[PDB]
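To start, the structure under review is shown below, and the notes come after it.
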Amino acid sequence: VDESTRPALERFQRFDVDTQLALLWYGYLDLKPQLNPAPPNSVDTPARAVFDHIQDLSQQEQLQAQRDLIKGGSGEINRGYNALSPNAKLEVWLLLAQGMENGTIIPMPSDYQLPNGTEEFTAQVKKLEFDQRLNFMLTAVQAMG
Ligand SMILES: CC1=C(/C=C/C(C)=C/C=C/C(C)=C/C=C/C=C(C)/C=C/C=C(C)/C=C/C2=C(C)C(=O)CCC2(C)C)C(C)(C)CCC1=O
Numbered sequence: 005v006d007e008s009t010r011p012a013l014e015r016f017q018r019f020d021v022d023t024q025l026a027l028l029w030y031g032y033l034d035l036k037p038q039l040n041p042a043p044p045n046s047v048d049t050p051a052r053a054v055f056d057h058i059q060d061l062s063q064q065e066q067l068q069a070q071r072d073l074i075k076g077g078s079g080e081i082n083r084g085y086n087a088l089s090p091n092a093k094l095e096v097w098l099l100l101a102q103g104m105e106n107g108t109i110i111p112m113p114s115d116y117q118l119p120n121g122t123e124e125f126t127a128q129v130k131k132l133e134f135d136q137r138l139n140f141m142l143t144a145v146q147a148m149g
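Just so you know, we're using full-length UniProt numbering here: the sequence shown kicks off at 5 and counts up by one.
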């Protein structure tokens, strides 16, 4: 990330894990119109295998699996994610978001609201250029774990 994007990324990593997940969901909704949907052109993608392992879990454990991706760990799902390239890692998150929209991954609860104190960060992200937001995501997903 560049000089203008580093502060936003650093703030993001300082939120609690649940807040990070929610912000990633809201970020997806904001970016979605300008994103090409997953999967990529390759069929045997390693990202699909990691997503598929998460999809096969109960919804509650899908949530725990996504929490563990941000927190880090050495379990099977973390290891599958950690072996991926940064763009493949981002593919997993994109597949998860698409799964939330098609009903195969646990969705954002209708009663959830962000903890107080996210307004400044979301305002700052809204001011970033599209290229800066792409670099934010590539750097953020690689830094998880
Ligand atoms: C006939 C003939 C010829 C003709 C040659 C011709 C016709 C040449 C034409 C060549 C063309 C059309 C090349 C296109 C390349 C596209 C690239 C690299 C796209 C990258 C996209 C990216 C990174 C996307 C990224 C992204 C993704 C995916 C998103 O999902 C959203 C974000 C973002 C947009 C950033 C010659 C000239 C050779 C000789 C003369 C002659 O007779």
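Positions of the beta carbon are idealized from the N, C-alpha and C atoms, including for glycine.
- The set of residues with CB atoms less than 7 Å from any heavy atom of ligand 1 reads, in chain order, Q38, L39, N40 and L138.
- Residues of the same chain with a CB within less than 6 Å of the CB of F55, apart from the 5 flanking positions on each side, are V96 and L99 in chain order.
- When C-beta atoms of the segment 47-67 are compared with those of the segment 75-95, three or more pairs fall below 8 Å, so the two segments count as touching.
- Runs of the alpha helix (DSSP H) lying entirely within the segment 6-50 and spanning at least 4 residues, in chain order: 10-18 and 21-35.
- Per DSSP, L88 lies in no alpha helix (DSSP H) segment and is marked neither H nor E.
- 8 Å or more divides the Cβ of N139 from the Cβ of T49.
- Apart from the 5 residues on each side of it in sequence, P44 sits with its Cβ closer than 7 Å to the Cβ of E95 in its chain, given in chain order.
- Annotation for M141: the continuous alpha helix (DSSP H) segment containing it runs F134 to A147.
- In the displayed model, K131 falls within coil according to three-state DSSP, outside both helix and strand.
- Taking each of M104, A127 and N120 in turn and checking the Cα distance to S114, the smallest one comes out for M104.
- Following the DSSP letters along the chain, one finds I74 inside the alpha helix (DSSP H) bounded by residues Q63 to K75.
- Straight-line spacing of the CA atoms in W29 and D6 works out to 23 Å.
- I81 and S46 have their C-alpha atoms some 21 Å from each other.
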